[PDB]
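Side chains included, hydrogens not; waters and symmetry mates left out as well; all remaining heavy atoms used. Starting from 1, each residue takes its place in the sequence as its number.
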Amino acid sequence: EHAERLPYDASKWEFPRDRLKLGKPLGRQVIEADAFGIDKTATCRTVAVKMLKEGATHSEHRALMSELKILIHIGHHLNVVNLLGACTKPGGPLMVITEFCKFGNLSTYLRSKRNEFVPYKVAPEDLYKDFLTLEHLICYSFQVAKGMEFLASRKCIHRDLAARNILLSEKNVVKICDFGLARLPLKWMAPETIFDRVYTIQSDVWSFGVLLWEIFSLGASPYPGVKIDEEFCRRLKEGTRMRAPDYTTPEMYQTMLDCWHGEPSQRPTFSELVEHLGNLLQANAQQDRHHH
Ligand SMILES: COc1cc(Nc2ncnc(-c3cccnc3Nc3ccccc3)n2)cc(OC)c1OC
């Protein structure tokens with residue numbers, strides 16, 4: 001522990017405070033902001049900033065610094081919300097700067113497309129402008145799997161993998177968020193975790209399965225109308241699983257069931273999920289041949 005005390009390479013991460021223009025809050029305290037020359041992708045770009053509340057306790061200060069160090073340790077990957085810089089030197093508050101995902105969380109976004117989805121578009125395709133398709137959904141799944149494969153390879157156990165924690169950027173790029181931290185979460189927890197309290201990469205795979213259900217239900221709430229009590233936990237341990245979501249393919253539902261294997265060691269690995277989802281994305285394209 002005590003990650004906040006790890007060596008910090010200022011030459012690589014320190015960012016000038018006045019090269020940052022704070023904007024409106026995104027949550028709490030995360031703030032949207034404009035950065036000037038933080039990377040070689042453009043002169044100006046929007047970013048997300050986690051700022052240490054003023055009058056914060058020493059403990060809270062250590063927590064935020066620890067988060068920064070953990071982000072640095074983990075490293076970069078296209079499918080995770082990446083660290084861009086930090087303001088740690090005297091003269092102002094501690095700030096951690098990350099990439100900004102313009103479209104918010106995936107669950108909310110998918111729910112907004114309930115009446116704007118078709119498995120495959122048909123010509124004239126303009127009748128389905130901006131609609132989601134099976135390709136989009138499988139692609140989102142594929143991306144998160146790749147992001148988790150990377151996190152798992154860095155020995156990072158997410159613990160709260162859910163659609164609400166997947167953010168959408170431009171060009172349908174999705175990123176996993178809240179992975180370097182210090183309602184009804186039980187609906188995403190593996191049986192061993194509910195009863196034994198220990199999180200592992202394998203319990204993250206179980207959560208990934210629920211996330212897939214969320215994606216192919218277009219943002220629906222897991223276990224529709226079910227009371228999440230002891231009876232639920234008991235039935236889950238016994239083998240009860242959700243039925244297929246409305247927009248799933250047969251292969252995707254089986255993959256959901258595979259991720260929900262009662263035995264942790266029998267669930268697929270994220271690397272296996274990456275290979276499989278990639279294969280399904282490729283096979284789905286083979287179904288859309290009007291323009292071949
Ligand atoms: C549509 O507008 C929204 C945009 C975002 N984007 C975003 N982009 C980057 N990082 C975070 C982010 C959000 C919450 C917590 N952390 C982060 N990123 C972060 C991680 C580590 C260190 C600092 C920031 N969020 C999130 C929203 O809500 C989820 C949201 O709806 C209001």
What do the steps show when you test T255 against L212 for side-chain contact (heavy atoms from CB on, under 4.5 Å), and what is the final call?
CA-CA 9 Å; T255 292; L212 289 178; 3.8 Å; yes
How long is the straight-line distance from [atom2] of [Y] back to [atom1] of [X], given to the nearest 0.5 Å?
| X | Y | atom1 | atom2 | result |
| --- | --- | --- | --- | --- |
| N165 | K175 | CG | NZ | 15.0 Å |
| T41 | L84 | OG1 | CG | 8.0 Å |
| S141 | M252 | OG | CE | 4.5 Å |
| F270 | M148 | CZ | CE | 4.0 Å |
| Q286 | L281 | CD | CG | 12.5 Å |
| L218 | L132 | CG | CG | 6.5 Å |

I need the minimum non-hydrogen distance between [X] and [Y], along with the two atoms involved.
| X | Y | answer |
| --- | --- | --- |
| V210 | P222 | CG1-CG, 3.6 Å |
| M242 | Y253 | O-OH, 2.8 Å |
| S66 | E4 | N-CB, 3.6 Å |
| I38 | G85 | CD1-N, 4.1 Å |
| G219 | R114 | C-NH2, 3.7 Å |
| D204 | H158 | OD2-N, 2.7 Å |

Would a single hydrophobic cluster contain both [Y] and [X], if residues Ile, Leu, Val, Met, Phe, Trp and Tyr are joined by side-chain heavy-atom contacts under 4.5 Å?
| X | Y | value |
| --- | --- | --- |
| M51 | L64 | no |
| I74 | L161 | yes |
| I157 | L151 | yes |
| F103 | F117 | yes |
| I166 | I215 | yes |

Heavy-atom side-chain proximity of [X] to [Y] below 4.5 angstrom:
| X | Y | result |
| --- | --- | --- |
| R154 | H73 | yes |
| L106 | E214 | no |
| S203 | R159 | no |
| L20 | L22 | yes |
| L68 | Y8 | yes |
| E67 | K50 | yes |
| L257 | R241 | yes |
| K69 | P7 | no |

Look at atom [atom1] of [X] and say whether more than 12 heavy atoms of other residues, nucleotides or ligands are closer to it than 6.0 Å.
| X | atom1 | answer |
| --- | --- | --- |
| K113 | NZ | yes |
| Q282 | CD | no |
| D126 | CG | yes |
| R234 | CZ | yes |

Test log, rule side-chain contact (heavy atoms from CB on, under 4.5 Å), inputs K121 and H290
CA-CA 10 Å; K121 298 183 182 183; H290 180 84; over 6 Å; no
Mind running side-chain contact (heavy atoms from CB on, under 4.5 Å) on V80 and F179 for me, showing each step along the way?
CA-CA 8 Å; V80 298; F179 60 84; 3.6 Å; yes
side-chain contact (heavy atoms from CB on, under 4.5 Å), that's the test. Do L273 and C259 meet it? Break it down for me.
CA-CA 9 Å; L273 287 168; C259 294; 4.0 Å; yes
Does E170 have any salt bridge (charged side-chain N to carboxylate O under 4.0 Å, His left out) partners at least two apart in sequence or in another chain, and if so, which?
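Testing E170 for salt bridge (charged side-chain N to carboxylate O under 4.0 Å, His left out), a comparison that skips the adjacent residues, returns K102.
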Is there a donor-acceptor contact under 3.5 Å from the side chain of [X] to the main chain of [Y]?
| X | Y | value |
| --- | --- | --- |
| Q143 | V174 | yes |
| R62 | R5 | no |
| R235 | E230 | no |
| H136 | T133 | yes |

Classify the side-chain pair [X]/[Y] by whether it contains a donor and acceptor separated by less than 3.5 Å.
| X | Y | answer |
| --- | --- | --- |
| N279 | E275 | no |
| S265 | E263 | yes |
| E149 | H77 | no |
| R111 | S107 | yes |
| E14 | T88 | yes |
| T108 | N105 | yes |
| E135 | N284 | no |

With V49, the side chain to side chain contact (heavy atoms under 4.5 Å, CB included) member among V96, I97, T98
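Between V49 and the candidates, side chain to side chain contact (heavy atoms under 4.5 Å, CB included) is satisfied uniquely by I97.
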Can you name the side-chain contact (heavy atoms from CB on, under 4.5 Å) partners of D288, sequence neighbours left out?
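Applying side-chain contact (heavy atoms from CB on, under 4.5 Å) to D288 gives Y120.
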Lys NZ or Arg CZ of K21 over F36 ring: under 6.0 Å, within 45°
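No, a cation-pi geometry is absent between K21 and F36.
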Take the angle between the ring planes of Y109 and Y140 and call it parallel below 30°, perpendicular above 60°, tilted in between.
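Perpendicular.
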If you measure from the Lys or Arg side-chain nitrogens to the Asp or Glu carboxylate oxygens, is any gap between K24 and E32 under 4.0 Å?
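So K24 does not pair with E32 through a salt bridge.
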Side chain to side chain donor-acceptor pair (under 3.5 Å) for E125 and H291? Distances and angles first, verdict last.
CA-CA 11 Å; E125 299 86 335; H291 292 289; 2.6 Å; yes
By the definition ring-ring contact (aromatic ring centres under 6.0 Å, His included), identify the one residue from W188, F232, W213 that meets it with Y223.
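For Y223, the ring-ring contact (aromatic ring centres under 6.0 Å, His included) test succeeds with only one of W188, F232, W213, which is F232.
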